[PDB]
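Note: the block below is coords-v3.txt and it holds compact mmCIF, C-alpha atoms.
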```txt
# COMPACT_ATOMS: atom_id res chain seq x y z
CA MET F 1 9.45 12.69 1.14
CA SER F 2 12.25 10.13 1.39
CA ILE F 3 15.30 10.64 3.53
CA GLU F 4 17.33 13.76 2.54
CA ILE F 5 18.54 15.32 5.77
CA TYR F 6 21.34 17.60 7.01
CA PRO F 7 23.13 16.54 10.31
CA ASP F 8 24.82 13.45 8.84
CA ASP F 9 25.51 14.90 5.42
CA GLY F 10 22.21 14.97 3.61
CA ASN F 11 20.85 11.46 4.09
CA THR F 12 20.47 9.34 7.26
CA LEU F 13 16.70 8.91 7.96
CA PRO F 14 15.94 6.11 10.47
CA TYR F 15 12.92 5.61 8.22
CA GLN F 16 15.20 4.69 5.31
CA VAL F 17 12.66 5.82 2.78
CA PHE F 18 13.13 6.94 -0.77
CA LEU F 19 11.72 4.05 -2.72
CA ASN F 20 10.37 1.76 -0.07
CA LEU F 21 7.01 1.36 -1.75
CA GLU F 22 5.79 1.50 -5.36
CA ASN F 23 3.57 4.30 -6.45
CA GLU F 24 2.36 5.05 -9.92
CA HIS F 25 1.70 8.71 -9.35
CA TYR F 26 4.76 9.48 -7.17
CA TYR F 27 5.37 12.44 -9.52
CA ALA F 28 3.70 14.69 -6.98
CA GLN F 29 1.30 12.41 -5.12
CA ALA F 30 3.91 10.97 -2.78
CA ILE F 31 4.69 14.60 -2.02
CA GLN F 32 1.21 15.76 -0.97
CA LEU F 33 1.27 13.43 2.00
CA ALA F 34 5.10 13.22 2.13
CA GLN F 35 5.68 15.13 5.37
CA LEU F 36 2.70 13.27 6.82
CA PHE F 37 3.86 9.90 5.61
CA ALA F 38 7.36 10.59 6.88
CA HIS F 39 5.86 10.86 10.36
CA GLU F 40 3.50 8.03 11.44
CA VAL F 41 4.94 5.19 9.45
CA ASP F 42 6.99 2.21 10.55
CA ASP F 43 10.82 2.00 10.29
CA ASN F 44 10.26 0.87 6.69
CA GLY F 45 8.21 3.95 5.90
CA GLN F 46 4.75 2.48 5.25
CA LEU F 47 1.32 3.59 6.56
CA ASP F 48 0.85 2.36 10.13
CA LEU F 49 -2.86 2.05 10.93
CA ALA F 50 -2.04 2.68 14.59
CA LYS F 51 -0.36 6.06 14.19
CA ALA F 52 -0.70 6.82 10.51
CA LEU F 53 -4.44 6.57 10.98
CA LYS F 54 -3.85 9.90 12.70
CA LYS F 55 -1.47 10.86 9.91
CA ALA F 56 -4.31 10.15 7.51
CA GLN F 57 -6.34 12.76 9.33
CA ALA F 58 -3.87 15.32 8.01
CA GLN F 59 -3.95 14.18 4.36
CA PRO F 60 -4.11 16.80 1.55
CA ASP F 61 -7.88 16.42 0.99
CA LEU F 62 -9.70 13.69 2.98
CA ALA F 63 -8.66 10.92 5.38
CA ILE F 64 -9.05 7.19 6.07
CA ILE F 65 -11.81 6.03 3.74
CA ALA F 66 -11.04 2.41 3.01
CA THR F 67 -9.84 -0.47 5.15
CA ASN F 68 -11.06 -3.33 2.96
CA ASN F 69 -9.80 -6.85 2.24
CA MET F 70 -10.48 -9.83 -0.04
CA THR F 71 -11.22 -13.52 0.53
CA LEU F 72 -10.47 -15.93 -2.32
CA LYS F 73 -10.06 -19.65 -1.89
CA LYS F 74 -9.96 -22.71 -4.03
CA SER F 75 -10.74 -26.25 -3.28
CA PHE F 76 -12.04 -29.39 -5.01
CA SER F 77 -15.42 -27.71 -4.62
CA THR F 78 -16.99 -25.88 -7.56
CA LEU F 79 -15.74 -22.64 -9.10
CA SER F 80 -19.36 -21.65 -8.63
CA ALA F 81 -17.99 -20.18 -5.42
CA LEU F 82 -14.30 -19.76 -6.24
CA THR F 83 -14.68 -17.39 -9.20
CA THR F 84 -17.81 -15.77 -7.77
CA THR F 85 -15.90 -14.37 -4.84
CA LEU F 86 -12.88 -13.60 -7.03
CA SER F 87 -14.93 -11.47 -9.40
CA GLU F 88 -16.80 -9.64 -6.64
CA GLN F 89 -13.47 -8.92 -5.01
CA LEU F 90 -11.65 -8.39 -8.29
CA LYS F 91 -12.47 -4.78 -7.59
CA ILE F 92 -9.80 -4.74 -4.85
CA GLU F 93 -7.13 -6.05 -7.22
CA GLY F 94 -5.94 -2.45 -7.14
CA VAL F 95 -8.90 -0.32 -8.16
CA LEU F 96 -6.80 2.75 -7.41
CA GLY F 97 -5.42 3.86 -10.73
CA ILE F 98 -6.95 0.83 -12.48
CA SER F 99 -5.67 -0.12 -15.93
CA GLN F 100 -7.26 -0.42 -19.38
CA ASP F 101 -8.49 -3.90 -18.57
CA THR F 102 -7.56 -5.32 -15.17
CA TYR F 103 -10.95 -7.03 -14.97
CA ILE F 104 -12.67 -10.24 -16.00
CA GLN F 105 -11.44 -12.11 -19.12
CA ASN F 106 -7.96 -10.58 -18.66
CA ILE F 107 -7.98 -12.09 -15.22
CA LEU F 108 -10.85 -14.57 -15.30
CA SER F 109 -9.27 -16.32 -18.30
CA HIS F 110 -7.05 -18.44 -16.08
CA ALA F 111 -10.06 -19.02 -13.86
CA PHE F 112 -11.36 -21.21 -16.67
CA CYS F 113 -8.24 -23.36 -16.26
CA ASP F 114 -6.21 -23.36 -13.00
CA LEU F 115 -6.08 -19.70 -11.97
CA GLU F 116 -2.43 -19.49 -10.93
CA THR F 117 -2.67 -16.09 -12.62
CA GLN F 118 0.75 -16.64 -14.24
CA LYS F 119 2.20 -15.65 -10.86
CA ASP F 120 0.62 -12.23 -11.24
CA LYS F 121 2.38 -9.30 -9.52
CA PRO F 122 6.04 -9.11 -8.31
CA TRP F 123 5.24 -10.32 -4.79
CA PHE F 124 7.85 -11.26 -2.19
CA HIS F 125 7.85 -14.88 -1.05
CA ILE F 126 7.51 -16.64 2.32
CA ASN F 127 6.71 -20.06 1.15
CA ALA F 128 6.89 -23.78 1.90
CA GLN F 129 7.64 -25.40 5.27
CA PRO F 130 8.82 -28.84 6.47
CA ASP F 131 5.40 -30.48 6.85
CA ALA F 132 4.40 -32.40 3.73
CA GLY F 133 0.73 -32.34 4.56
CA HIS F 134 0.20 -29.23 6.61
CA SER F 135 2.21 -26.56 4.85
CA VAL F 136 1.81 -23.22 3.11
CA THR F 137 3.92 -21.78 0.33
CA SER F 138 2.81 -18.23 0.06
CA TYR F 139 4.32 -15.29 -1.55
CA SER F 140 3.56 -11.94 0.05
CA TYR F 141 3.16 -8.70 -1.84
CA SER F 142 2.48 -5.40 -0.08
CA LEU F 143 3.95 -2.28 -1.44
CA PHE F 144 2.28 1.06 -0.91
CA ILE F 145 0.86 3.31 -3.58
CA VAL F 146 -0.58 6.78 -4.26
CA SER F 147 -2.76 8.17 -7.02
CA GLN F 148 -3.47 11.49 -8.69
CA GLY F 149 -6.63 13.43 -9.30
CA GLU F 150 -6.32 15.79 -12.24
CA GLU F 151 -9.81 17.26 -12.30
CA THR F 152 -9.54 19.02 -8.94
CA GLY F 153 -5.98 17.93 -8.24
CA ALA F 154 -6.65 15.29 -5.61
CA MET F 155 -4.63 12.21 -4.68
CA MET F 156 -4.98 8.96 -2.77
CA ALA F 157 -2.73 7.24 -0.24
CA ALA F 158 -2.90 3.45 -0.63
CA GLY F 159 -1.30 0.65 1.36
CA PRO F 160 -2.15 -2.90 0.21
CA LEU F 161 -0.59 -6.21 1.27
CA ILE F 162 -1.11 -9.35 -0.81
CA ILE F 163 -0.71 -13.00 0.12
CA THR F 164 -0.65 -15.90 -2.36
CA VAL F 165 -1.38 -19.04 -0.36
CA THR F 166 -0.24 -22.04 -2.33
CA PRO F 167 0.54 -24.81 0.17
CA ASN F 168 3.29 -27.44 0.28
CA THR F 169 1.04 -30.14 1.73
CA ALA F 170 2.06 -33.47 0.27
CA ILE F 171 -0.20 -36.02 -1.31
CA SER F 172 -2.81 -36.06 -3.97
CA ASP F 173 -2.96 -39.76 -4.51
CA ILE F 174 -5.26 -42.38 -2.99
CA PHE F 175 -6.16 -39.64 -0.53
CA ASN F 176 -5.28 -35.94 -0.53
CA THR F 177 -3.93 -34.18 2.56
CA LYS F 178 -4.89 -31.25 0.25
CA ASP F 179 -1.69 -30.56 -1.65
CA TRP F 180 -3.47 -28.86 -4.52
CA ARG F 181 -6.16 -26.88 -2.73
CA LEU F 182 -5.25 -23.18 -2.73
CA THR F 183 -6.34 -19.97 -1.02
CA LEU F 184 -5.64 -16.28 -1.66
CA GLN F 185 -6.51 -13.33 0.58
CA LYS F 186 -5.06 -10.04 1.70
CA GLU F 187 -5.63 -6.59 3.18
CA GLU F 188 -5.48 -3.21 1.53
CA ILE F 189 -5.99 -0.16 3.61
CA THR F 190 -6.43 2.98 1.57
CA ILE F 191 -6.68 6.55 2.77
CA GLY F 192 -8.84 8.39 0.33
CA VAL F 193 -8.22 12.07 -0.10
CA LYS F 194 -10.10 13.26 -3.16
CA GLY F 195 -13.33 13.86 -5.04
CA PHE F 196 -13.18 10.42 -6.66
CA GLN F 197 -15.08 10.46 -9.96
CA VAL F 198 -14.08 7.11 -11.41
CA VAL F 199 -11.00 4.91 -11.12
CA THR F 200 -8.70 7.28 -12.92
CA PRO F 201 -7.37 10.81 -12.00
CA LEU F 202 -9.92 11.04 -9.18
CA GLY F 203 -10.21 14.78 -9.44
```
Final structure tokens representation of the file:
Amino acid sequence: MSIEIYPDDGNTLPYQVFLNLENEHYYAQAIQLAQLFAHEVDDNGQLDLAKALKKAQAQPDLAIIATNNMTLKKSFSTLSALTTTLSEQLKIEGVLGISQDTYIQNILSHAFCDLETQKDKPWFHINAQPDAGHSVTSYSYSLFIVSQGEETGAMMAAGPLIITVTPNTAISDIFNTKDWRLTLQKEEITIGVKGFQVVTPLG
């Protein structure tokens, strides 16, 4: 995994990889697929669904299992729809090596009052435009992850991208161009290679 070569001196990969994406089980999990992942990725070093979908076919245990996304939006409608979709798709808030909570109440708490989620997750940012009525200030995550099965010794190659659509549209006065209506969606593709028991060391 990573660069580490010979010709140059010992480091010169055109893939420039070493810590290009976050994983929480990198201890050995980034290694299972390492030589696979170092092959079909993009110049950054992340799973490319065009080529790495073939790379996935060579994963330690299984292959491409999940190419799922989420659709969350808010609007001066009712949260009867807003939170409903959020909860249903709260599962894909990283149900890889899920945490102790990472669920409702710890997440749905801010749903009760303006779910800006305290700017949850260290996402990059490609925000506001010069429009003042038809803009979008969104901050994009996407880093790529891997997980560990301890039971049987499996793993899981994950590659999510996250977009926080919070627009720069202007005016919420005598009429709104919709300056305070928000929307959040994204895509996580995940190559499952394991005997997944529960969200935990998949086995």
Query - Atom pair CA of residue 191 (chain F) / CA of residue 13 (chain F): separation (Å) - result: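 Interatomic distance here is 24.1 Å.
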Query raised in the report: What lies within 9 Å of region 69-83 of chain F using all atoms listed in the file, ignoring chain neighbours under 3 positions off, as a count of residues only?
Result: 23
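The neighbours of residue 164 (chain F) here are the residues that come within 7 Å of it, using all atoms listed in the file and leaving out any residue fewer than 4 positions away in the same chain; they are residues 138, 139, 140 and 184 of chain F.
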Report task. Pick out the closest residue to residue 14 (chain F) from this set: F:35, F:44, F:176, F:127. Count all atoms listed in the file. Result -> F:44
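Checking F:146, F:64, F:107, F:128 one by one against residue 166 (chain F), counting all atoms listed in the file, you find the shortest gap at F:128.
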Report task. Could you please determine the separation between CA of residue 148 (chain F) and CA of residue 91 (chain F) in Å, to one decimal place? Result ->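 Answer for the CA of residue 148 (chain F) to CA of residue 91 (chain F) separation: 18.6 Å.
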Size and centre in Å, one decimal, axis-aligned box, all listed region 152-158 of chain F atoms plus 4 Å per side, as AutoDock Vina command-line options:
```
--center_x -6.1 --center_y 11.2 --center_z -4.6 --size_x 14.8 --size_y 23.6 --size_z 16.7
```
**Report entry** Gap from CA of residue 40 (chain F) to CA of residue 28 (chain F) - Å, one decimal
**Finding:** 19.6 Å
Please identify every residue of region 164-203 of chain F that has at least one atom no farther than 9 Å from an atom of region 154-157 of chain F, counting only C-alpha atoms, and for each give the shortest atom pair and the distance in Å to one decimal, arranged by chain then increasing number, as a Markdown table.
```
| residue | atom | partner | partner_atom | distance |
| --- | --- | --- | --- | --- |
| F:189 | CA | F:157 | CA | 9.0 |
| F:190 | CA | F:157 | CA | 5.9 |
| F:191 | CA | F:157 | CA | 5.0 |
| F:192 | CA | F:156 | CA | 5.0 |
| F:193 | CA | F:156 | CA | 5.2 |
| F:194 | CA | F:154 | CA | 4.7 |
| F:195 | CA | F:154 | CA | 6.9 |
| F:196 | CA | F:154 | CA | 8.2 |
| F:201 | CA | F:154 | CA | 7.8 |
| F:202 | CA | F:154 | CA | 6.4 |
| F:203 | CA | F:154 | CA | 5.3 |
```
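Nearest to residue 169 (chain F) of all the residues F:152, F:129, F:147, F:57 is F:129, based on only C-alpha atoms.
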**Report entry** Using all atoms listed in the file: which of F:115, F:5, F:17, F:63 has the shortest distance to residue 158 (chain F)
**Finding:** F:63
Report task. Tell me which protein, DNA and RNA residues are within 8 Å of residue 47 (chain F), counting all atoms listed in the file, leaving out same-chain ones fewer than 4 positions away, and put them as number ranges by chain. Result -> F: 37, 40-42, 52-53, 144, 159
